[PDB]
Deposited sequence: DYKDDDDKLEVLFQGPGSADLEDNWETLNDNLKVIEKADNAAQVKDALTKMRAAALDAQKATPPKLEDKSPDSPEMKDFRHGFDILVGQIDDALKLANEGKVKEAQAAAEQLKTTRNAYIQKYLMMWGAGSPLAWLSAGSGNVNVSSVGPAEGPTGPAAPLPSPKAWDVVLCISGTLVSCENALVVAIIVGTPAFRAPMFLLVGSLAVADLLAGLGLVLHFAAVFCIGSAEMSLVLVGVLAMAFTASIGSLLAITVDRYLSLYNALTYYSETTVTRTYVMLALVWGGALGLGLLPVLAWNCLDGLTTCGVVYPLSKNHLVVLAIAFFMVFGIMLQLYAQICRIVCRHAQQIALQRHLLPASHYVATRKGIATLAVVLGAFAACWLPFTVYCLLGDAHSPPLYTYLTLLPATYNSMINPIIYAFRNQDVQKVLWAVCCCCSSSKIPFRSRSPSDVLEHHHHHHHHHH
């Protein structure tokens, strides 16, 4: 007797499908033409790949939990979603650091070296995504039943709290970065970047705060209500970061 899907589960499956479609389009645009090989588009490509992985993981997780039942597969796919979300946030941070460094090297008349540091940032982001996405597989999970399980069933409470700590450190870093970018160029662009930062924060603060204010016995509705904004953020990230470029729009026109 496989569980019958609920409304919220179908909602997350649909959102995962939409995210997968959008980020597949973005990745296909980037990789199809050999023009986009600059270290500026590599970070956008990494973010798009991470979001596409998250969407495909959502769809495959719904399918493998409610259509083709398996117990040793849902845990792996949940780990994959965790890795994809961590990689998405790391790529967002890498895209800001690079953007700040290049306004900074543009109003200082210093030649910029961004051929190796971009590779280092990508390697660090993906290593953090894999090292914070392999814990549910073998290290940190409540499937043993004696590990104070967290709000998410496959994930442990301590692992979730570690993820929240890392996210808040990243949020502080990217609040400083969006605070200096507001000073170097100092008017509508400042408002637009503030709106972008607010859109990023209003989508990830709910879940990353409920992770600390939530208990294992809390209603399952809260998990969906706080995780849906994360999927919405992954949905809107390509629009802000990939379809706002003139070259990508020109490729669309062709």
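- Residues of the deposited sequence lacking C-alpha coordinates, counted from 1, fall in the stretches 1 to 159, 346 to 366, 435 to 466.
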